[PDB]
């Protein structure tokens, strides 16, 4: 899958010129048709400001205005119609109207928008054109694009290209070259944020104290997230710290996450007052970092959902999950920890012993010296700490126990053990931020 994103300003104010790209040449007011010809994308994404709209009779009338205007422009230029248009919440006081709100709303809106567009299965080749864009929309789109591709890179190969044209001077210009200003193999960056406090999901921009308190107080998200917070932070830490069993046991509910993001996005959408007479759009609620963290969390869940399996978790399963999620010394320490339990399972099996629901400490034959559960031992042993994990060997007739022990040996956090791991991994994720 190849993906072309373009940051656009006011497209009706652009001059006809000549564009050079990949040896091909193009006459027109936009870089898009030559970008599509050369790159041949599987899908195109256009990101432009809300401020281009010229109708204030409704918020949806303001977006059907801007959309139709873009649909005309794509016909004027040789551009296709396989396109998604993201109408981002823009700021300022213009000749044809006024738009107030948090400037950071565009980041959270575009992040949320791109989250539902960027494919969650297979490799990504992403092309970003900034020739036509506004400074602050372009930077926040670049940032929102990168942050998601960083989570995509955990499971899949992600190459990122960025283009800007030669600068346009009124009449000195004859041909503009479309230059590659970036070419990057996106590094895998799993989410390393804790869920923030319940002030930083939706904030009041221009709203009376009592009215905001009623909206905030009405949200199912904040009520639910209060109790679900620790487990989601335990899962976030599972990817970051190299804990393959906690990844599986703490895999989040995608439906519930989808529910939280739609609820907040809708409260924000509904809190936009479009004053039809005096041509003013006021976004009376602003998105917080908490909304951003949730969007990223659900994206990481979608990216990695294919690894999840049913409740009996074998050492062979933890091996394969680990080889996908982890790299470098994190991966190799996990393989050594699974290896030590595997090699012990093999010894038991040679003797015709198949222990069931036994603590890992009793499985590996530890001393009675330490039963306390430290962050040191939890983090250092890929979360397979001796005092929290329970082991069960399903019985079989061994002929080559070296290769069949892995499938028949299962690991499980004790109900007490899981809560000790949750506290440690949650606290460590919050202390590392």
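Positions refer to the first chain, counted from 1. Here, rigid core means the biggest group of C-alpha atoms that superpose within 1.5 Å across both forms.
Q: Which of 89-97 and 202-210 lies farther, on average, from the shown form in 4 other deposited structures of this protein once the rigid core is superposed (C-alpha RMS)?
A: Of the two stretches, the larger average C-alpha offset in 4 other deposited structures of this protein falls on 202-210.
Q: Aligning on the core, I want to see which stretch wanders more in 4 other deposited structures of this protein. Is it 307-315 or 283-291 by C-alpha RMS?
A: Per-stretch check in 4 other deposited structures of this protein: the more divergent one is 307-315.
Q: In the PDB record, does 402-410 or 53-61 carry the higher mean Cα temperature factor?
A: Per the deposited B-factors, the answer is 53-61.
Q: Should the higher mean CA B-factor in the entry be assigned to 172-180 or to 241-249?
A: The stretch with the larger average C-alpha B-factor is 172-180.
Q: Tell me which of 72, 342, 116, 105 tops the list for C-alpha B factor in the record.
A: By C-alpha B-factor in the record, 72 ranks first.
Q: Considering every modelled residue of the chain and its Cα B-factor in the PDB entry, is residue 150 in the lowest, middle or highest third?
A: Residue 150: CA B-factor falls in the lowest third of its chain.
Q: Relative to the other modelled residues in the chain, which third contains the C-alpha temperature factor of residue 87: lowest, middle or highest?
A: Its C-alpha B-factor belongs to the middle third of this chain's values.
Q: Against its chain's modelled residues, does residue 188's Cα B factor rank lowest, middle or highest third?
A: Middle third - that is where residue 188 ends up once the chain's C-alpha B-factors are sorted.
Q: Split the chain's modelled residues into thirds by Cα B-factor; is residue 319 in the lowest, middle or highest one?
A: CA B-factor rank for residue 319: lowest third.
Q: Just say lowest, middle or highest third for the CA B-factor of residue 268 relative to the other modelled residues in its chain.
A: Its C-alpha B-factor belongs to the lowest third of this chain's values.
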